[PDB]
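What follows is a single structure, written as structure tokens, with notes after it.
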There are 4 protein chains.
Amino acid sequence: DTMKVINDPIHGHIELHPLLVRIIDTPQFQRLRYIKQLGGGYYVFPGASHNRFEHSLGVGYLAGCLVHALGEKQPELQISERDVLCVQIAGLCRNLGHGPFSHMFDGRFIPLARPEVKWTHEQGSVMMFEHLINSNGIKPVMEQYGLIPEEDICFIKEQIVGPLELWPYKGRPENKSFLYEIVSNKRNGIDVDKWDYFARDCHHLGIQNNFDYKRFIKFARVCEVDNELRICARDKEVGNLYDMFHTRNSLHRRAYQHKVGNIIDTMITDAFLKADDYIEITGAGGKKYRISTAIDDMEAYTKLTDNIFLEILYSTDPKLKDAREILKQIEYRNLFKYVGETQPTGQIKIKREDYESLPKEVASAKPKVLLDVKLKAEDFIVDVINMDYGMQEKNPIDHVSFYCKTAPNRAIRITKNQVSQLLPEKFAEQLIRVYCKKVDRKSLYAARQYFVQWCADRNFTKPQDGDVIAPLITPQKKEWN
Amino acid sequence: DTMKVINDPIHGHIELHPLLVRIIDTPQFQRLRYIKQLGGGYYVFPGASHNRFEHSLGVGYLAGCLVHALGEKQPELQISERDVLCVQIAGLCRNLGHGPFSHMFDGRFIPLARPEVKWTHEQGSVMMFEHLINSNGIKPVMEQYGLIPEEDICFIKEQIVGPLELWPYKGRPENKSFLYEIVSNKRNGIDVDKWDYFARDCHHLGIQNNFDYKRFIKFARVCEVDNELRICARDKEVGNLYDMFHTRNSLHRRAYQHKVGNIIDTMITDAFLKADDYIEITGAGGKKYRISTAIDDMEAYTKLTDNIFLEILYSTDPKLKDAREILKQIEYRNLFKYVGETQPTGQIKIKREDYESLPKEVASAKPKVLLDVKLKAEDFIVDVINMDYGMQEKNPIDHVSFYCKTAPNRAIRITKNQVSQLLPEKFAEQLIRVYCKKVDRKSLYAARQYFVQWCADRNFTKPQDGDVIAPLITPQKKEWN
Amino acid sequence: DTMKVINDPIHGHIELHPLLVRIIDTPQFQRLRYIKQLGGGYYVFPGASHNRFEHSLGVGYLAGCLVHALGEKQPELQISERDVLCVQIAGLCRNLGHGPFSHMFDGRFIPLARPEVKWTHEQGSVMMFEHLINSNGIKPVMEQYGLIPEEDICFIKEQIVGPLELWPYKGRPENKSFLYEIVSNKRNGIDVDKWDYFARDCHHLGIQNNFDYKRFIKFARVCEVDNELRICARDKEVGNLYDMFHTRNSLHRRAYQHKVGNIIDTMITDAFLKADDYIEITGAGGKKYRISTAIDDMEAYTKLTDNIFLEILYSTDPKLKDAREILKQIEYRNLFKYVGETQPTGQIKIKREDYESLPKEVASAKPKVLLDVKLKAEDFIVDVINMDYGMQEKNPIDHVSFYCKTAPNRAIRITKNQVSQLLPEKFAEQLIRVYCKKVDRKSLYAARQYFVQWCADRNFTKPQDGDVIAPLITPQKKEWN
Amino acid sequence: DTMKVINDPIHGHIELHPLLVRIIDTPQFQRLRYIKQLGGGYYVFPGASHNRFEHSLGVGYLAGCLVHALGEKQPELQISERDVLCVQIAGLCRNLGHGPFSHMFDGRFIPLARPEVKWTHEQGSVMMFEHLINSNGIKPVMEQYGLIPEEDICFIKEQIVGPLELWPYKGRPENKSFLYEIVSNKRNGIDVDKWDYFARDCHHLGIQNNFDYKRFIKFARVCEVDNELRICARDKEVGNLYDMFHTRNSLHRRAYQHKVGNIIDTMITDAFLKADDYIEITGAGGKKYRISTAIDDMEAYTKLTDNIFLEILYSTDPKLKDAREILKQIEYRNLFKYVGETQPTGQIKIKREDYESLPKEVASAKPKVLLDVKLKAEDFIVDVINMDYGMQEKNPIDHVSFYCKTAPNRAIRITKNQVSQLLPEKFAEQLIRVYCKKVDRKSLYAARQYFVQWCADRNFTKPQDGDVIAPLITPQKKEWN
Ligand SMILES: Nc1ncnc2c1ncn2[C@H]1C[C@H](O)[C@@H](COP(=O)(O)OP(=O)(O)OP(=O)(O)O)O1
Ligand SMILES: Nc1ncnc2c1ncn2[C@H]1C[C@H](O)[C@@H](COP(=O)(O)OP(=O)(O)OP(=O)(O)O)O1
Ligand SMILES: Nc1ncnc2c1ncn2[C@H]1C[C@H](O)[C@@H](COP(=O)(O)OP(=O)(O)OP(=O)(O)O)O1
Ligand SMILES: Nc1ncnc2c1ncn2[C@H]1C[C@H](O)[C@@H](COP(=O)(O)OP(=O)(O)OP(=O)(O)O)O1
Ligand SMILES: [Mg+2]
Ligand SMILES: [Mg+2]
């Protein structure tokens, strides 16, 4: 075995060490070719045909770039080939746990199908990784290339999911703490995963990426912070970091949370729920699993991909008729109709436990307007989106360490006010989208009146088109005009 | 209904007329989302996740751009909105007949599964188009927007597949002849289909595109040629056109005929053949079809996409065991091994009827070298590739008309010698690739000796690495050294 | 004369009407080839070799695109070919008044050389335009293509500089008000000039552009607002507009106000001041002008370009020795040294009349630290930069009109709170940079102590590296720590 | 001093070793900021504002990339940091000898002004380099970083211009022969200089680059060939190399030899010739030089840049009136008129000594057509362009060595016939362009008749528009029709 070269449109020619090739050439990894990165986003942005596979290669490549760069600048860190390979493998493998249509599956479907469970793609990645290693005899190959499976497997998993519980990590000691900041940065979110998806998603979406990760890599250094060795950024690059999160937020606003992409994800989720009793996936020892239970057996999960969509769409079984009809309405573009968007005001924050009650509230509103139809709770969908800088209300740049050119080994902190007054005052907000499942002209007119009335009753912000869609409703609220 | 905007990474924001939206939002068209543009190419170029869907949008867009541009420069042509819509629809729909993995299906699978049939994606496109129109009530909508279904449906089909047999077309008269040169140019191959795939494939492959279609559109004009109105290019742009075909050939050499992408297509084709008896696809009136017969019923063909690959891979049926094993070997990257490449010499041309005899010839060669194993015909795959400028031995630029700035309405011809002596002397050639199905070190060593010996016996060109892979064989042939 | 095509790396093949060609092919316009778009920026960003010439072509092109797009969507506006040409010409000609090194000349040099004068490149553009027309016999050519010089020349000038003083414009009536929003938008700054520079500067700088003007053009419409016809943007595009200004601010932070690019501009300005007595530029009737007075005669101003830099650098005249030495220090990269950056706190705002007093304040600070050298006012440079969203403290999106899909003719307003809580709370700030003209190690150490002490005394923000450069100074200030 | 980072739009963030920074920050190098890469090309392609400075940085960067890559793959080569720095410096400095408007100066001007001299930019680069080193105290700095000035300066110069005289080089021995193939490859032309200009020129021209140098670097290796260690390319990459030269030839056809860019270069050259007696450039010890003699004194040559154009344009001296008028006609776009293009036939090859006789031949032709004016030799310009693959009639790929994956240390040769029959049969040709200095309609009509008659008399190829521009002349020649 020798090194392979892969040509990636985003990063160019990437070299893969033979051990990485071995990990990649397994059913568990190759599975990612059949999972769209952006789920339902492809149904709005036709360039977004890309899958988790190629993103994982990129993440693995960049993880290697950063660890190599640090080793070259700072030989005193004693970064070994072994460390590099482990960081690359964690990079390659942090997406292994994704399900059909990526975030649709763990963000919408599993929470509704198995409310009692607490599941994340991160956890799934660790489980799939263990399955990949054991099913394919990778441990001996790791030993052949100088890795120590016991410690290094633990390291790799910790890089993906955090401590499997004071230094809380066992795979490496504090003197190598900075290695835990590369693939999945739990401290402030600044990691190579973002860097790849910014660049790759932009390339495919047809929207231009504003963040320069190559620059960041050039200016990164390791310094001592509170008895840990951590990655620090050059002081003057702080603005670029603020911009990185701004870019992330723009991408969510323009693409990842696109109102129609989301309703498509929602429709697909509904079809999966209606199919979940009837689709069987064979796992370990021939045992049969459902879409919602395949997460319990990695052998079954290996075979759970976007393919399920087409299996349902092309099914002839009358049991799958309701699920199949939903997908067919997607194809004919008879989608649930977007009614509008609003936001909470002041300190008001909508809790997850209240999401189910919201359609009922909308249907209970009593707009003083003449209506041909009356709508019921089940006619409304309410989608609540939490937008933030990756740390709820917290500013991630408060959790970043910097260095200055006159003392490159001395770590410092930079506050928001030392950067600019043009920065956000808050770092989190919620958007509420409302859609109507009845798509005829009269139902939609009515849905608009209910929605705007509900916004007024709850003291939410005025929808942007409120005066046009509900001219009889908006004047009651002085605050709006 | 009003016009929709779609954002495409290649062309930007494309406007779609409501009638086009209606055609697009049907199962027949949306199907193209599940068919990879480059088939097995994705297994070599991980950026090439793109599907026929987005390519079709682009072709439809560019077709519109060119016809609009000509109408704006030359009002005297009397190009109508009706003409524009018809050309856009033909652009959109010329890929409707593609099967799983695009060219794999009509280039390898159908020829082996149904040798008696003569099938092409072009023919399939016309059938799928008719099916799309009839199944979805499109005719009334066409009338609503000023089209005349009888004439215009004929025009659209003729644009895709040529005369459905003097002027041989019925959908438009000779004064609109130039319209037939936009979507699928049967005269010289210069059409909007190439322009989109050059740009889109390059974007995804990570290889840079050298052809500027926007420039070409700016310099295009309609002039009278032999009592037809044809599209002419500005004289000085002739070099750019030679370059366009050079680019096409480079793309085939680097990507579309990549030796490993082709062997993956071949392995997938073999799995399909082994599954063909057992997969059933439901068509019109509940009748059941096979992969190879789905082409006879468009209702069934609608459901025949890349999904078949995963249906086989994930199958548990013991009947599908052999097919499923082939695909699994793809996942583990245990692929048939490439042995080498050579070309015929002089006037020698390999005929299609002789393709089957070639593995037998290779196995019959008697290299004077010590071999642990003897290989048989069934161990060898011989792939013959015809590379040309789109017209067999003919130079397509001999079939292009030009105009000069001093007389923009007078069409002229330009010969190769009026352009450059650095151009090709021939416009067609054949490549022969040999692979071995036995992948162990000793079988591959042997396969190399047989292959090189066969090249020598047939007086084919010396493989580039011949002296390295078969040092005992190459010296016998004086011609090589 | 017929239309010319130009190939631009940003916009592709641009078509130029013959009248535009005639305007372009004059000494007054071609001058712009010898004036760098980014001035001293090229000395930091080596890709920024681009000149005002090519930017002007782009602005003229985009101005045409927008006016054409609006006319095609809304024929009822009665936009004429004449209107289009006039808007294109204003676009082409709004940069004609730039001087050597663009903003350096009217932003730094003229204010210091001729404090009594009030001069702007805008004013210069109008003067140069009039000169161009009269010197080159353009009026007859304009009449030949259907323009009415009296009204249209007025219109063009008004588009550049605003009313040459109710409806305050004379070149077009209120029903064509929207035309005044294309080239130089005095209401909110959203114009084609920005669009071209964002794209072109980014292409040359090596920083990626986040704003999509093509999208914006597609969604733009004209609606009635307060008895004027104005350009409106689609409601949901409001986020993209906020982002456009954010992008502009990032470009200023990263590139246009780069600390070293600015000090280079400052050094060049100083050399020009020292040369201003001795360089003579011949204007109308052989009369001689200086660099600072060439603005009074357009014939002389025509010959005032970046060339002055080299004329000084290559001079042998002993009178120009001091000016020439400054430029030589640029070449050897012996630049004034950047000491640091800080900002005012609270309501504090530095007025233009106080800029001269600032070096003196820095030199008067009394840091309690042992210093080998004492520095004087003349050793310090203080550069005060006003950063905003183009309207001082005002939010430009408050001055934008929108429309919604359900009523495309009805203009509406959108507030900040209807968009996001992640937006800036303020839209303007000031940055203060300090540099030292003594570049030796001991002077620079001292300069750092003075600077930080001055920040503390004035209650400015703590410099980011303050604790490292002045550890003995920073602890006195509790606010900092 | 520590390493600097520069952001280049083509290569990204490039790191510069402190010694390189010192070389760059001198008047001799910074000079290159005032010399356009493409000369008169900017007057046709307005994006091509780029200068030799930024190209030199890129060449220096890529030279470092390649030497680093080879050292990392093959530690047994013993490539030292010293070797790397020397190769970078040669890359940085191989453009130091370019004159105003780059190839215009050594390709047109010097050959006409100083026919007796044999001058090339290469020679100029060595002289400027020596001047740079000596004038700026660089030798000590080189010693400080481990270079040995005697040997290393010799090595650097040899890399630029070849042996200054079996192994003909003194700066390194045969075991380091491969180092001489990086910056300026005298064997086959495949070097980092091309790679940068392909990418950078394309970026600025608005034409897309087809060659992937990063790929080439990844597949490059050093192997023993005829008792030298040389750079070898992977066998299968041979097609990409053919394509690289095809790309180079396309760029010449489309841009570098653009008919109008060339006539502008010719006009500028004529102005320089007319100014050469009167412009004085001050060199060593105050001595005065002319444009054509500044090459004899590097102090003077340091000050000879594109500035000369503007010095002439802006001059008031009546002696410079004729030169100044030529440049003014450029600004008004009153250029010499292109008449047509043709090529020699068969074995016919035009020698340099016959270039001067060609205008006379054109004027002596006797077209049997009625002409209002008779034209003289001095009215015609004949531009003869030799287009090739960099080695006259020779195929450079015959001078490239390859390796195969099965024996990476064994160098091999590949012939054209082992690659493709679609490759050129010849590797050199000549183009003849004719222009007329009389631009009125009747002169140009007449010029066309003379030109086509001359083509017919000389048995050159038929101009593409021949039948249109000279319908009475073309029928006499049966060969044409
Ligand atoms: N000419 C090319 N230009 C750019 N990318 C290419 C080119 N050829 C192939 N690629 C891409 C496709 C793959 O991602 C990657 C692997 O390339 P390739 O060198 O063809 O691998 P290989 O496995 O077929 O060759 P090998 O015989 O060396 O193993 O490079
Ligand atoms: N900010 C953005 N930048 C670039 N492209 C975008 C942006 N938002 C959406 N798109 C792309 C994705 C889709 O292919 C296309 C659809 O645009 P959009 O106007 O969001 O559709 P829509 O159907 O949601 O609008 P409408 O509200 O009229 O229905 O544009
Ligand atoms: N092959 C090419 N690709 C892209 N741009 C090109 C090409 N050739 C020329 N250009 C650019 C340079 C100019 O900006 C613009 C003008 O092209 P060109 O057609 O050569 O004008 P021209 O004036 O020389 O031809 P004409 O003979 O029509 O007057 O296009
Ligand atoms: N935010 C940015 N993004 C991209 N390029 C940048 C950015 N800032 C600066 N550049 C460019 C300008 C230079 O070509 C190169 C390095 O600039 P910069 O890091 O600011 O140098 P510097 O000399 O100001 O820093 P210092 O001297 O503080 O080490 O990168
Ligand atoms: Mg391989
Ligand atoms: Mg610096």
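By order of appearance in the structure tokens: chains A, B, ..., then residues from 1 within every chain, and ligands from 1 in the order shown.
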Legend entry - Env. residues ligand 5 / 10 Å / only C-alpha atoms and all ligand atoms / as a ChimeraX atom specification: /A:2-6 /B:44,259-260,337-338 /D:405
Inset, instruction - Please check which protein, DNA or RNA residues sit within 9 Å of ligand 3, counting only C-alpha atoms and all ligand atoms, and write them as a PyMOL selection string. - result: (chain B and resi 211-212+215+219+234+236-237+239-240+404-405) or (chain C and resi 4-8+12-14) or (chain D and resi 41-47+205-208+250-251+253-255+258-261+338)
Inset, instruction - List every residue of stretch 82-187 of chain B that DSSP, applied to the backbone, labels as helix (DSSP H, G or I), and write the result as a ChimeraX atom specification. - result: /B:82-93,103-113,121-136,138-144,149-161,174-181
Quick one: everything within 9 Å of residue C:77, counting only C-alpha atoms, minus sequence neighbours fewer than 5 positions away in the same chain. Send it as a JSON list (two decimals) with N, CA, C and O atoms, in the first residue's frame.
[["chain", "number", "residue", "atom", "x", "y", "z"],
["C", 70, "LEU", "N", -34.93, 46.95, -15.37],
["C", 70, "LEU", "CA", -36.14, 47.61, -14.89],
["C", 70, "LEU", "C", -37.11, 47.89, -16.06],
["C", 70, "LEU", "O", -38.30, 47.69, -15.92],
["C", 71, "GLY", "N", -36.56, 48.32, -17.20],
["C", 71, "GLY", "CA", -37.34, 48.58, -18.39],
["C", 71, "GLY", "C", -38.00, 47.32, -18.93],
["C", 71, "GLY", "O", -39.14, 47.38, -19.37],
["C", 175, "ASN", "N", -41.29, 61.42, -12.43],
["C", 175, "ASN", "CA", -41.69, 60.14, -12.91],
["C", 175, "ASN", "C", -40.46, 59.27, -13.31],
["C", 175, "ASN", "O", -40.61, 58.06, -13.47],
["C", 176, "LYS", "N", -39.28, 59.92, -13.47],
["C", 176, "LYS", "CA", -38.03, 59.20, -13.72],
["C", 176, "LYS", "C", -37.03, 59.28, -12.55],
["C", 176, "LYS", "O", -35.80, 59.01, -12.72],
["C", 222, "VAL", "N", -39.63, 49.12, -9.52],
["C", 222, "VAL", "CA", -39.96, 50.51, -9.26],
["C", 222, "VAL", "C", -41.36, 50.58, -8.74],
["C", 222, "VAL", "O", -42.25, 50.01, -9.33]]
Near residue B:445, counting only C-alpha atoms, which residues have an atom at most 12 Å away, once you skip same-chain residues fewer than 6 positions from it, shown as a PDB file with N, CA, C and O atoms, in the first residue's frame?
ATOM      1  N   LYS B 337      -8.363  -5.049 -11.895  1.00  0.00           N
ATOM      2  CA  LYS B 337      -7.135  -4.320 -11.938  1.00  0.00           C
ATOM      3  C   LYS B 337      -6.838  -3.913 -13.384  1.00  0.00           C
ATOM      4  O   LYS B 337      -6.962  -4.701 -14.312  1.00  0.00           O
ATOM      5  N   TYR B 338      -6.421  -2.661 -13.538  1.00  0.00           N
ATOM      6  CA  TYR B 338      -6.029  -2.128 -14.812  1.00  0.00           C
ATOM      7  C   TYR B 338      -4.663  -2.706 -15.137  1.00  0.00           C
ATOM      8  O   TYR B 338      -3.784  -2.697 -14.298  1.00  0.00           O
ATOM      9  N   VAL B 339      -4.519  -3.220 -16.338  1.00  0.00           N
ATOM     10  CA  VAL B 339      -3.259  -3.805 -16.766  1.00  0.00           C
ATOM     11  C   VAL B 339      -2.515  -2.830 -17.641  1.00  0.00           C
ATOM     12  O   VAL B 339      -1.337  -2.622 -17.473  1.00  0.00           O
ATOM     13  N   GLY B 340      -3.207  -2.225 -18.597  1.00  0.00           N
ATOM     14  CA  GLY B 340      -2.567  -1.300 -19.489  1.00  0.00           C
ATOM     15  C   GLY B 340      -3.446  -0.819 -20.622  1.00  0.00           C
ATOM     16  O   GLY B 340      -4.606  -1.197 -20.736  1.00  0.00           O
ATOM     17  N   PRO B 367       3.536 -15.335 -24.181  1.00  0.00           N
ATOM     18  CA  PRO B 367       4.740 -14.641 -23.793  1.00  0.00           C
ATOM     19  C   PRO B 367       5.818 -15.621 -23.315  1.00  0.00           C
ATOM     20  O   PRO B 367       5.471 -16.495 -22.513  1.00  0.00           O
ATOM     21  N   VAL B 369       7.924 -16.116 -20.964  1.00  0.00           N
ATOM     22  CA  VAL B 369       8.303 -15.633 -19.650  1.00  0.00           C
ATOM     23  C   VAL B 369       7.799 -16.647 -18.654  1.00  0.00           C
ATOM     24  O   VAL B 369       6.842 -17.365 -18.922  1.00  0.00           O
ATOM     25  N   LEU B 370       8.493 -16.775 -17.535  1.00  0.00           N
ATOM     26  CA  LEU B 370       8.105 -17.722 -16.520  1.00  0.00           C
ATOM     27  C   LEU B 370       6.909 -17.225 -15.741  1.00  0.00           C
ATOM     28  O   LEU B 370       6.969 -16.159 -15.151  1.00  0.00           O
ATOM     29  N   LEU B 371       5.846 -18.018 -15.702  1.00  0.00           N
ATOM     30  CA  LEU B 371       4.603 -17.624 -15.053  1.00  0.00           C
ATOM     31  C   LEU B 371       4.111 -18.664 -14.051  1.00  0.00           C
ATOM     32  O   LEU B 371       4.073 -19.832 -14.330  1.00  0.00           O
ATOM     33  N   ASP B 372       3.759 -18.212 -12.855  1.00  0.00           N
ATOM     34  CA  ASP B 372       3.195 -19.084 -11.800  1.00  0.00           C
ATOM     35  C   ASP B 372       1.768 -19.506 -12.186  1.00  0.00           C
ATOM     36  O   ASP B 372       1.375 -20.651 -11.977  1.00  0.00           O
ATOM     37  N   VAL B 373       1.014 -18.570 -12.706  1.00  0.00           N
ATOM     38  CA  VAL B 373      -0.374 -18.824 -13.092  1.00  0.00           C
ATOM     39  C   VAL B 373      -0.539 -18.662 -14.590  1.00  0.00           C
ATOM     40  O   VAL B 373       0.171 -17.912 -15.239  1.00  0.00           O
ATOM     41  N   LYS B 374      -1.494 -19.416 -15.114  1.00  0.00           N
ATOM     42  CA  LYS B 374      -1.993 -19.255 -16.465  1.00  0.00           C
ATOM     43  C   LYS B 374      -3.381 -18.630 -16.367  1.00  0.00           C
ATOM     44  O   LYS B 374      -4.222 -19.068 -15.540  1.00  0.00           O
ATOM     45  N   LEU B 375      -3.661 -17.640 -17.206  1.00  0.00           N
ATOM     46  CA  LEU B 375      -4.926 -16.935 -17.162  1.00  0.00           C
ATOM     47  C   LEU B 375      -5.776 -17.316 -18.342  1.00  0.00           C
ATOM     48  O   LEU B 375      -5.272 -17.684 -19.385  1.00  0.00           O
ATOM     49  N   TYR B 435      -7.969  -4.972 -18.490  1.00  0.00           N
ATOM     50  CA  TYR B 435      -8.016  -5.194 -17.081  1.00  0.00           C
ATOM     51  C   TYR B 435      -8.050  -6.691 -16.779  1.00  0.00           C
ATOM     52  O   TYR B 435      -8.419  -7.531 -17.632  1.00  0.00           O
ATOM     53  N   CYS B 436      -7.676  -7.027 -15.554  1.00  0.00           N
ATOM     54  CA  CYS B 436      -7.672  -8.404 -15.109  1.00  0.00           C
ATOM     55  C   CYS B 436      -8.599  -8.544 -13.925  1.00  0.00           C
ATOM     56  O   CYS B 436      -8.494  -7.798 -12.954  1.00  0.00           O
ATOM     57  N   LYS B 438      -8.564 -11.159 -11.882  1.00  0.00           N
ATOM     58  CA  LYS B 438      -7.773 -11.731 -10.796  1.00  0.00           C
ATOM     59  C   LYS B 438      -6.758 -10.666 -10.318  1.00  0.00           C
ATOM     60  O   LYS B 438      -5.901 -10.180 -11.068  1.00  0.00           O
ATOM     61  N   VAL B 439      -6.854 -10.339  -9.047  1.00  0.00           N
ATOM     62  CA  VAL B 439      -6.226  -9.134  -8.538  1.00  0.00           C
ATOM     63  C   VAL B 439      -5.010  -9.388  -7.691  1.00  0.00           C
ATOM     64  O   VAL B 439      -4.314  -8.451  -7.280  1.00  0.00           O
ATOM     65  N   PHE B 451      -0.612  -9.237 -21.915  1.00  0.00           N
ATOM     66  CA  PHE B 451      -1.074  -8.005 -22.537  1.00  0.00           C
ATOM     67  C   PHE B 451      -0.024  -7.437 -23.449  1.00  0.00           C
ATOM     68  O   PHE B 451      -0.295  -7.148 -24.596  1.00  0.00           O
ATOM     69  N   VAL B 452       1.192  -7.273 -22.928  1.00  0.00           N
ATOM     70  CA  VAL B 452       2.249  -6.751 -23.751  1.00  0.00           C
ATOM     71  C   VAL B 452       2.580  -7.642 -24.934  1.00  0.00           C
ATOM     72  O   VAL B 452       2.922  -7.175 -26.041  1.00  0.00           O
ATOM     73  N   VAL B 468       8.965  -1.460 -18.353  1.00  0.00           N
ATOM     74  CA  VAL B 468       9.004  -1.681 -16.931  1.00  0.00           C
ATOM     75  C   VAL B 468       8.160  -2.889 -16.524  1.00  0.00           C
ATOM     76  O   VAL B 468       8.597  -3.687 -15.704  1.00  0.00           O
ATOM     77  N   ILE B 469       6.933  -2.978 -17.014  1.00  0.00           N
ATOM     78  CA  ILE B 469       6.061  -4.066 -16.632  1.00  0.00           C
ATOM     79  C   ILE B 469       6.411  -5.411 -17.315  1.00  0.00           C
ATOM     80  O   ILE B 469       6.103  -6.497 -16.812  1.00  0.00           O
ATOM     81  N   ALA B 470       7.026  -5.365 -18.505  1.00  0.00           N
ATOM     82  CA  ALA B 470       7.337  -6.563 -19.283  1.00  0.00           C
ATOM     83  C   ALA B 470       8.701  -6.406 -19.999  1.00  0.00           C
ATOM     84  O   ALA B 470       8.795  -6.503 -21.221  1.00  0.00           O
ATOM     85  N   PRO B 471       9.743  -6.264 -19.215  1.00  0.00           N
ATOM     86  CA  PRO B 471      11.088  -6.107 -19.791  1.00  0.00           C
ATOM     87  C   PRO B 471      11.562  -7.291 -20.649  1.00  0.00           C
ATOM     88  O   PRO B 471      12.377  -7.106 -21.556  1.00  0.00           O
TER      89      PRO B 471
ATOM     90  N   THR D 406       4.956   1.265 -11.080  1.00  0.00           N
ATOM     91  CA  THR D 406       5.553  -0.029 -10.690  1.00  0.00           C
ATOM     92  C   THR D 406       7.070   0.041 -10.454  1.00  0.00           C
ATOM     93  O   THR D 406       7.591  -0.800  -9.760  1.00  0.00           O
TER      94      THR D 406
END
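With distances taken over only C-alpha atoms, B:216 is the one residue among B:380, B:355, B:314, B:216 lying closest to chain C.
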